[PDB]
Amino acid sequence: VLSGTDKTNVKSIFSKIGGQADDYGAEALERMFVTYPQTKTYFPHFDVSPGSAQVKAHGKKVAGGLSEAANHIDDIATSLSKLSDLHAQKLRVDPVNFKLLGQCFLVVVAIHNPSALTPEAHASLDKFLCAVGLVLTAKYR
């Protein structure tokens, strides 16, 4: 449920990818929409073509939540509590979908920072990402 060793390990990678969060947030969704075309069902009001400023504008807030959840890694569920309704209550998002974005999110850090993502970091980050996807899918359980 997130050991002390994973924590001082996830606090660590987010202070190294800090001022790039936002750009990785743009590229993350963009890769998602290309590699998993189905995810576009949810964003029909957007311009989704490679390059969009809505997509840029959106990725800047997805990074937002991530950076934040990392600042409050002891209390991730109060930190993200309004976002759990949007995704589960209102928009009714298939849970399989949280894996896909997170997966895309790792691809991007590995591209721009091959050496932050050691095997072990890959481990801590991977359980942090789908402890974030559990807070956002919480009301289904």
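All residue numbers are counted from 1 along the displayed sequence.
- Task: Could you check which stretch, 94-102 or 79-87, carries the larger mean CA temperature factor in the entry?
- Result: Looking at the record's C-alpha B-factors, the answer is 79-87.
- Which wins on mean Cα temperature factor, 116-124 or 17-25? Per the PDB entry, the higher value belongs to 17-25.
- Check the PDB entry and point out which of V34, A110, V48, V62 has the largest C-alpha temperature factor. Largest recorded C-alpha B-factor: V48.
- Rank-wise, by C-alpha B-factor, drop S67 into the lowest, middle or highest third of its chain. As the PDB entry reports it, the C-alpha B-factor of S67 lands in the lowest third of its chain.
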